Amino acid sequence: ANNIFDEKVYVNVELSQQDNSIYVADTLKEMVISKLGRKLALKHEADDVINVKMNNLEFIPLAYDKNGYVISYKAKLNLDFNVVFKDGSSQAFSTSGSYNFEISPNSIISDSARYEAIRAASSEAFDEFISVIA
């Protein structure tokens, strides 16, 4: 738990166009700020600013049953980061994350399964974001 940010960080999370559209943006915000160990702050009251945009969200089939129905998915995504520190320096880079889950044959991925897959993959992506900065 050793980070380079200052005590107050402003976090803005955007997601790409989708329409299966689920709410995760505020989950991602509260997730990364808890990983960073700092306290959230308003944009013009903050020392540092992190802009996060989830991109390339995809559900890739991992396994099929005897009939050819998909029974296992790998969700993966990128988080595109634009960090502006208190100094003014900027780092733009992305990290990746993925999450494998099973599903009943030829059913539709529930909103709960979609949420948890995005949450978990984003969680992994944030972890690599942390290590990139430290």
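In case it trips you up, residue 1 is the first one in the sequence shown, and so on.
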Revision key, fill the gap. Here the number of deposited-sequence residues unresolved in the coordinates between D19 and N20 is 1 to 3
Revision key, fill the gap. As the entry reports it, the stretch among 43-51 and 70-78 with higher mean C-alpha B factor is 43-51
Point to revise | Mean Cα B-factor comparison, 92-100 or 61-69, giving the higher one as deposited | key: 61-69
**Study point:** Among modelled residues of the same chain, the CA temperature factor third for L28
**Key:** lowest
